[PDB]
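One file, input-v8.cif, carrying mmCIF, C-alpha atoms and all ligand atoms:
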```cif
data_run
#
loop_
_atom_site.label_atom_id
_atom_site.label_comp_id
_atom_site.auth_asym_id
_atom_site.auth_seq_id
_atom_site.Cartn_x
_atom_site.Cartn_y
_atom_site.Cartn_z
CA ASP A 1 69.12 -11.57 -34.15
CA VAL A 2 65.44 -11.35 -33.40
CA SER A 3 62.67 -10.78 -35.96
CA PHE A 4 59.04 -9.74 -35.88
CA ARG A 5 56.63 -9.48 -38.80
CA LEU A 6 53.52 -7.33 -38.33
CA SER A 7 51.86 -9.15 -41.26
CA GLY A 8 49.79 -11.95 -39.74
CA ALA A 9 50.79 -10.87 -36.26
CA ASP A 10 48.36 -11.63 -33.45
CA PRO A 11 48.75 -11.35 -29.65
CA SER A 12 50.49 -14.75 -29.57
CA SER A 13 53.23 -14.07 -32.13
CA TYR A 14 53.99 -10.74 -30.50
CA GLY A 15 54.36 -12.56 -27.16
CA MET A 16 56.83 -14.91 -28.80
CA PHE A 17 58.86 -12.05 -30.31
CA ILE A 18 59.09 -10.31 -26.92
CA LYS A 19 60.09 -13.60 -25.28
CA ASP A 20 62.78 -14.00 -27.99
CA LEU A 21 63.98 -10.46 -27.31
CA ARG A 22 64.32 -11.20 -23.59
CA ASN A 23 66.25 -14.38 -24.25
CA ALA A 24 68.55 -12.55 -26.64
CA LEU A 25 69.93 -10.53 -23.72
CA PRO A 26 72.89 -12.10 -21.87
CA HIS A 27 73.15 -12.41 -18.10
CA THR A 28 75.22 -14.53 -15.75
CA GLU A 29 73.09 -14.21 -12.62
CA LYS A 30 69.47 -13.82 -11.57
CA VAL A 31 68.50 -11.64 -8.60
CA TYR A 32 65.36 -12.74 -6.77
CA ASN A 33 64.68 -14.75 -9.93
CA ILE A 34 64.96 -11.86 -12.41
CA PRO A 35 67.77 -11.73 -15.01
CA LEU A 36 70.38 -9.14 -14.05
CA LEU A 37 71.78 -7.36 -17.11
CA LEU A 38 75.54 -7.28 -17.65
CA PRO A 39 77.55 -4.25 -16.38
CA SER A 40 79.28 -3.82 -19.72
CA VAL A 41 80.19 -5.83 -22.86
CA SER A 42 83.09 -5.61 -25.33
CA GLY A 43 82.83 -4.72 -29.00
CA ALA A 44 80.08 -5.69 -31.41
CA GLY A 45 78.77 -8.21 -28.89
CA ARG A 46 77.19 -5.31 -27.03
CA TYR A 47 74.52 -4.79 -29.69
CA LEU A 48 71.48 -6.83 -30.65
CA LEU A 49 69.92 -6.39 -34.07
CA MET A 50 66.14 -6.39 -34.46
CA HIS A 51 64.66 -6.95 -37.92
CA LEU A 52 61.18 -5.44 -38.02
CA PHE A 53 58.80 -5.91 -40.94
CA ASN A 54 55.70 -3.78 -41.47
CA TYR A 55 52.51 -5.17 -42.94
CA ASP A 56 53.69 -4.69 -46.56
CA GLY A 57 56.96 -6.46 -45.91
CA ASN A 58 59.30 -3.46 -45.79
CA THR A 59 61.94 -3.60 -43.06
CA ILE A 60 64.24 -1.68 -40.77
CA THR A 61 66.96 -3.15 -38.56
CA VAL A 62 67.19 -1.68 -35.07
CA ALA A 63 70.37 -1.80 -32.95
CA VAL A 64 69.76 -2.35 -29.25
CA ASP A 65 72.38 -2.06 -26.48
CA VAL A 66 72.23 -5.38 -24.58
CA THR A 67 73.34 -3.94 -21.23
CA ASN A 68 70.30 -1.63 -20.94
CA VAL A 69 67.97 -2.36 -23.88
CA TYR A 70 68.35 1.15 -25.20
CA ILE A 71 67.81 1.67 -28.90
CA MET A 72 70.91 3.31 -30.46
CA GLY A 73 69.92 3.79 -34.08
CA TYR A 74 68.54 1.83 -37.02
CA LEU A 75 68.97 1.10 -40.71
CA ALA A 76 66.47 1.91 -43.50
CA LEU A 77 67.61 0.47 -46.83
CA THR A 78 71.06 2.02 -47.08
CA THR A 79 70.98 4.90 -44.63
CA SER A 80 71.84 4.37 -40.99
CA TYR A 81 70.27 6.64 -38.38
CA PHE A 82 71.79 7.14 -34.94
CA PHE A 83 70.74 9.22 -31.95
CA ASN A 84 72.73 12.30 -31.15
CA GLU A 85 74.51 11.03 -28.06
CA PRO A 86 77.90 9.46 -27.13
CA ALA A 87 76.74 5.86 -26.71
CA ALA A 88 74.91 5.98 -30.04
CA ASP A 89 78.04 7.38 -31.66
CA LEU A 90 80.12 4.60 -30.06
CA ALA A 91 77.61 2.13 -31.47
CA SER A 92 78.01 3.42 -35.06
CA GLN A 93 81.48 1.83 -35.11
CA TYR A 94 80.22 -1.77 -34.88
CA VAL A 95 76.83 -1.84 -36.63
CA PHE A 96 75.46 -0.75 -40.02
CA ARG A 97 78.98 -0.13 -41.33
CA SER A 98 78.09 -1.16 -44.88
CA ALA A 99 75.51 1.65 -45.06
CA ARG A 100 76.06 4.27 -47.75
CA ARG A 101 75.36 7.29 -45.53
CA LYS A 102 74.92 7.70 -41.78
CA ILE A 103 72.63 10.39 -40.42
CA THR A 104 72.68 11.70 -36.86
CA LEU A 105 69.20 12.59 -35.61
CA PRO A 106 68.94 16.08 -34.08
CA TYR A 107 68.20 14.72 -30.59
CA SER A 108 69.34 12.06 -28.12
CA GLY A 109 67.15 9.05 -27.36
CA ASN A 110 65.68 9.82 -23.94
CA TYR A 111 61.92 10.34 -23.53
CA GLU A 112 62.23 13.98 -22.50
CA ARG A 113 64.11 14.96 -25.65
CA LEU A 114 62.00 12.77 -27.96
CA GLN A 115 58.74 14.25 -26.62
CA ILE A 116 59.99 17.77 -27.31
CA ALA A 117 60.98 17.02 -30.92
CA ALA A 118 57.71 15.13 -31.48
CA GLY A 119 55.61 18.03 -30.21
CA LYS A 120 53.61 15.84 -27.82
CA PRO A 121 54.12 13.89 -24.55
CA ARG A 122 53.71 10.09 -24.83
CA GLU A 123 50.54 10.30 -22.73
CA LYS A 124 48.84 11.42 -25.92
CA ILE A 125 50.48 9.16 -28.50
CA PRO A 126 48.53 5.95 -29.28
CA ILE A 127 50.47 2.69 -29.15
CA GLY A 128 49.80 -0.86 -30.24
CA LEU A 129 50.69 -3.12 -33.16
CA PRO A 130 48.90 -1.03 -35.73
CA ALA A 131 51.02 1.91 -34.50
CA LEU A 132 54.17 -0.18 -34.71
CA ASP A 133 53.36 -0.78 -38.37
CA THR A 134 53.05 3.01 -38.88
CA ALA A 135 56.25 3.63 -36.93
CA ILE A 136 58.25 1.31 -39.18
CA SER A 137 56.63 2.95 -42.26
CA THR A 138 57.57 6.41 -41.04
CA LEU A 139 61.19 5.52 -40.36
CA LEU A 140 61.71 4.15 -43.86
CA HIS A 141 61.69 7.75 -45.15
CA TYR A 142 63.49 10.43 -43.15
CA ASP A 143 61.63 13.19 -41.26
CA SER A 144 63.14 14.09 -37.84
CA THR A 145 59.82 15.28 -36.49
CA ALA A 146 57.95 12.19 -37.64
CA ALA A 147 60.78 9.91 -36.51
CA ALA A 148 60.62 11.25 -32.96
CA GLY A 149 56.98 10.19 -32.76
CA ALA A 150 57.64 6.83 -34.41
CA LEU A 151 60.57 6.13 -32.09
CA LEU A 152 58.49 6.80 -29.02
CA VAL A 153 56.12 4.10 -30.29
CA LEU A 154 58.96 1.75 -31.25
CA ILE A 155 60.80 2.07 -27.92
CA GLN A 156 57.63 1.26 -26.02
CA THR A 157 56.26 -1.60 -28.10
CA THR A 158 59.63 -3.35 -27.86
CA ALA A 159 62.13 -2.30 -25.14
CA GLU A 160 59.51 -1.34 -22.51
CA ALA A 161 57.48 -4.48 -23.21
CA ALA A 162 60.61 -6.58 -22.76
CA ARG A 163 61.24 -5.04 -19.32
CA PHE A 164 57.67 -5.35 -18.06
CA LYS A 165 55.15 -8.16 -18.42
CA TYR A 166 52.40 -5.60 -17.85
CA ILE A 167 53.44 -3.47 -20.80
CA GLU A 168 53.67 -6.54 -23.05
CA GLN A 169 50.10 -7.33 -21.96
CA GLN A 170 48.99 -3.75 -22.70
CA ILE A 171 50.29 -4.14 -26.25
CA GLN A 172 48.56 -7.47 -26.81
CA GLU A 173 45.24 -5.76 -25.93
CA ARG A 174 46.17 -3.19 -28.61
CA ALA A 175 46.92 -5.76 -31.32
CA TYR A 176 44.23 -4.49 -33.69
CA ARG A 177 43.56 -1.12 -32.15
CA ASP A 178 45.88 1.58 -30.86
CA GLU A 179 45.30 3.33 -27.60
CA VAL A 180 47.30 5.83 -25.62
CA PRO A 181 49.11 4.25 -22.65
CA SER A 182 47.67 4.07 -19.17
CA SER A 183 49.45 6.10 -16.46
CA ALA A 184 50.51 2.83 -14.87
CA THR A 185 52.49 2.11 -18.03
CA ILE A 186 54.10 5.55 -18.10
CA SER A 187 54.89 5.20 -14.39
CA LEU A 188 56.59 1.81 -14.85
CA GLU A 189 58.53 3.07 -17.85
CA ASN A 190 59.84 5.83 -15.63
CA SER A 191 60.77 3.56 -12.68
CA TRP A 192 62.73 0.77 -14.40
CA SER A 193 65.95 2.32 -13.11
CA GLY A 194 64.84 2.92 -9.53
CA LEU A 195 63.20 -0.50 -9.16
CA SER A 196 66.26 -2.17 -10.71
CA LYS A 197 68.48 -0.51 -8.14
CA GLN A 198 66.18 -1.19 -5.17
CA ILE A 199 65.63 -4.87 -5.95
CA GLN A 200 69.42 -5.23 -5.97
CA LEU A 201 69.86 -3.29 -2.69
CA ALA A 202 67.36 -5.66 -1.07
CA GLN A 203 69.63 -8.66 -1.70
CA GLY A 204 71.55 -8.24 1.56
CA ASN A 205 68.64 -6.61 3.35
CA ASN A 206 66.11 -9.50 3.60
CA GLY A 207 64.37 -8.42 0.39
CA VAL A 208 63.36 -5.07 1.85
CA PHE A 209 63.96 -1.93 -0.24
CA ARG A 210 66.35 0.72 1.09
CA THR A 211 64.07 3.43 -0.33
CA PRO A 212 60.44 2.80 -1.32
CA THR A 213 59.49 3.25 -4.99
CA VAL A 214 56.27 5.07 -5.91
CA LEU A 215 54.13 4.07 -8.91
CA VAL A 216 50.54 4.60 -10.14
CA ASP A 217 48.46 1.43 -10.56
CA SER A 218 45.79 -0.10 -12.83
CA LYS A 219 43.18 2.21 -11.34
CA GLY A 220 45.39 5.29 -11.22
CA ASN A 221 45.97 5.25 -7.47
CA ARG A 222 49.40 6.13 -6.05
CA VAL A 223 51.05 3.00 -4.58
CA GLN A 224 54.24 2.31 -2.64
CA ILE A 225 56.56 -0.63 -3.23
CA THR A 226 58.68 -1.40 -0.21
CA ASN A 227 59.79 -5.02 -0.69
CA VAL A 228 60.28 -7.92 -3.16
CA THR A 229 57.08 -9.78 -2.20
CA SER A 230 55.19 -7.21 -4.30
CA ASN A 231 53.52 -8.25 -7.54
CA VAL A 232 55.69 -5.77 -9.46
CA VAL A 233 58.74 -7.77 -8.43
CA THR A 234 57.21 -11.25 -8.39
CA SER A 235 55.34 -10.94 -11.68
CA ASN A 236 55.86 -7.66 -13.55
CA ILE A 237 59.52 -6.74 -14.10
CA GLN A 238 61.55 -9.10 -16.33
CA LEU A 239 65.00 -7.46 -16.62
CA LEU A 240 67.21 -5.57 -14.18
CA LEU A 241 69.53 -2.73 -15.14
CA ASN A 242 72.82 -3.45 -13.35
CA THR A 243 73.54 -0.83 -10.66
CA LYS A 244 76.97 -0.25 -12.21
CA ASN A 245 74.99 1.81 -14.79
CA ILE A 246 72.88 4.20 -12.64
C1 LIG B 301 55.79 -5.90 1.76
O1 LIG B 301 54.74 -5.72 0.84
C2 LIG B 301 53.53 -6.35 1.20
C3 LIG B 301 52.51 -6.16 0.11
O2 LIG B 301 52.73 -7.09 -0.94
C4 LIG B 301 52.96 -5.71 2.43
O3 LIG B 301 51.69 -6.31 2.66
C5 LIG B 301 51.00 -5.98 3.85
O4 LIG B 301 50.10 -7.08 3.83
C6 LIG B 301 49.11 -6.95 2.81
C7 LIG B 301 49.34 -7.97 1.72
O5 LIG B 301 50.68 -8.43 1.73
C8 LIG B 301 49.11 -5.51 2.30
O6 LIG B 301 48.01 -5.26 1.42
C9 LIG B 301 48.96 -4.64 3.52
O7 LIG B 301 48.63 -3.31 3.15
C10 LIG B 301 50.29 -4.68 4.21
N1 LIG B 301 50.15 -4.50 5.63
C11 LIG B 301 51.23 -4.17 6.29
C12 LIG B 301 51.85 -5.23 7.14
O8 LIG B 301 51.69 -3.06 6.21
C13 LIG B 301 53.93 -5.98 3.53
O9 LIG B 301 53.48 -5.27 4.68
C14 LIG B 301 55.31 -5.49 3.14
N2 LIG B 301 56.21 -6.09 4.06
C15 LIG B 301 57.31 -5.48 4.38
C16 LIG B 301 57.27 -3.99 4.30
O10 LIG B 301 58.29 -6.10 4.73
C1 LIG B 302 63.74 3.84 -23.08
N1 LIG B 302 64.96 4.72 -23.21
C2 LIG B 302 65.33 5.62 -22.25
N2 LIG B 302 66.48 6.31 -22.61
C3 LIG B 302 66.85 5.84 -23.85
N3 LIG B 302 67.95 6.22 -24.65
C4 LIG B 302 68.14 5.58 -25.91
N4 LIG B 302 69.22 5.94 -26.69
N5 LIG B 302 67.21 4.58 -26.34
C5 LIG B 302 66.10 4.18 -25.55
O1 LIG B 302 65.26 3.20 -26.08
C6 LIG B 302 65.90 4.85 -24.26
#
```
Full structure transcribed into structure tokens:
Amino acid sequence: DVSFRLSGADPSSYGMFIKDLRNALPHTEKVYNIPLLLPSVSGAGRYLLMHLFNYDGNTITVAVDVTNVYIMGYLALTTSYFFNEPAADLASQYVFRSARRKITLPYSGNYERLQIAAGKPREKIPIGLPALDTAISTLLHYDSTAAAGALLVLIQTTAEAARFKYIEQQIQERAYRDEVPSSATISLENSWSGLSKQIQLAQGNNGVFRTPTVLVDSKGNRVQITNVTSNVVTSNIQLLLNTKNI
């Protein structure tokens, strides 16, 4: 299991937690030097448990699917909360079984559905470590509308940071001050799948992408990624969703 305590957290400890998270994910092979995530895994070994502690010491345990890094649900004291979707439901059979009651949230865990339930797109929700602290706080006591917002912050300050060096860096800059995400961040978040597929399709194609991937950069200018020599591939992305899942 991996743990992170917001109390006494600085950019450095966060970096270590995200490194720990990355190393918690299994993989047998690397593609162009980046860990390729497993196609599938059997039983309880498919889920990673994250223990998160807010500033006051309260905690929630989050269950993450190790083949994609998707959050499936979490535990607050004695109530387990799971997304309203098949995979999440499958996940309820191996984790948080000793919970007194299990609640199914009224939405599945994809950005589109979470942004609807939250009432705002993630362009306008501030993220950072202070926000993570709030997120944890908000999940300790049920409120489907509040949880949507908190989960959008949680998914990004953990899963998305794990997948992209850039996003981990964005969060370290927001260690004592929240700030809405840059469009580069949103763009990356949205391309993890495409990039993952294209970096794999370049393996028997001299490192050249079958189809170019379009992102928005630091400045907000539209850019095209056609090949693995790009910074995004050489230095940004840290995990690859196996094509068997796309
Ligand atoms: C692969 O991507 C690189 C960019 O990392 C392309 O780079 C060209 O050369 C410089 C720096 O590498 C770029 O800024 C230029 O805009 C590019 N000029 C060209 C040749 O178009 C490189 O071209 C790409 N190579 C491919 C497509 O195999
Ligand atoms: C980032 N992301 C995209 N679809 C997702 N679906 C679930 N269930 N959890 C996630 O963290 C997620």
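The space between atom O7 of ligand LIG 301 (chain B) and atom CA of residue 218 of chain A spans 16.5 Å.
Environment of ligand LIG 302 (chain B), defined as every protein or nucleic acid residue with an atom within 9 Å of it and counting all atoms listed in the file, comprises residues 64, 65, 68, 69, 70, 71, 72, 73, 82, 83, 84, 85, 87, 88, 108, 109, 110, 111, 112, 151, 152, 154, 155, 156, 158, 159, 160, 189 and 190 of chain A.
Between atom CA of residue 179 of chain A and atom CA of residue 128 of chain A lies a distance of 6.7 Å.
Residues in contact with ligand LIG 301 (chain B) comprise residues 208, 225, 226, 227, 228, 229, 230 and 231 of chain A, where contact means an atom-to-atom distance of at most 7 Å counting only C-alpha atoms and all ligand atoms.
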Can I get the selected residues back with C-alpha atoms, as a PDB file, keeping the file's coordinate frame?
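Below you can see again_21.pdb, which holds the result:
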```
ATOM      1  CA  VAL A 208      63.360  -5.070   1.850  1.00  0.00           C
ATOM      2  CA  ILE A 225      56.560  -0.630  -3.230  1.00  0.00           C
ATOM      3  CA  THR A 226      58.680  -1.400  -0.210  1.00  0.00           C
ATOM      4  CA  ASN A 227      59.790  -5.020  -0.690  1.00  0.00           C
ATOM      5  CA  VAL A 228      60.280  -7.920  -3.160  1.00  0.00           C
ATOM      6  CA  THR A 229      57.080  -9.780  -2.200  1.00  0.00           C
ATOM      7  CA  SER A 230      55.190  -7.210  -4.300  1.00  0.00           C
ATOM      8  CA  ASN A 231      53.520  -8.250  -7.540  1.00  0.00           C
TER       9      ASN A 231
END
```
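If you measure from each of A:186, A:162, A:167, A:75 to residue 121 of chain A using all atoms listed in the file, the closest one turns out to be A:186.
Using all atoms listed in the file, the shortest contact distance between residue 239 of chain A and any of A:37, A:24, A:118, A:2 is found at A:37.
Coordinates place atom CA of residue 184 of chain A at a distance of 22.6 Å from atom CA of residue 210 of chain A.
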- Find the residues near residue 170 of chain A: any atom within 10 Å, counting all atoms listed in the file, skip ones fewer than 6 places away on the same chain, and give them as a VMD selection string. chain A and resid 127 to 128 157 161 164 179 181 to 182 185
Can I get the selected residues back with C-alpha atoms, as a short mmCIF file (atom, residue, chain, number, x, y, z; two decimals), in the frame of the given file?
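Final file, selection-v7.cif:
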```
data_model
loop_
_atom_site.label_atom_id
_atom_site.label_comp_id
_atom_site.auth_asym_id
_atom_site.auth_seq_id
_atom_site.Cartn_x
_atom_site.Cartn_y
_atom_site.Cartn_z
CA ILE A 127 50.47 2.69 -29.15
CA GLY A 128 49.80 -0.86 -30.24
CA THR A 157 56.26 -1.60 -28.10
CA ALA A 161 57.48 -4.48 -23.21
CA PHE A 164 57.67 -5.35 -18.06
CA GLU A 179 45.30 3.33 -27.60
CA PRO A 181 49.11 4.25 -22.65
CA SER A 182 47.67 4.07 -19.17
CA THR A 185 52.49 2.11 -18.03
#
```
- Message: Just want the 9 Å neighbourhood of residue 200 of chain A, counted on only C-alpha atoms, with same-chain residues fewer than 4 positions away dropped. Output as an NGL selection string.
- Response: :A and (31-32 or 195-196 or 204 or 207 or 209 or 240 or 242-243)
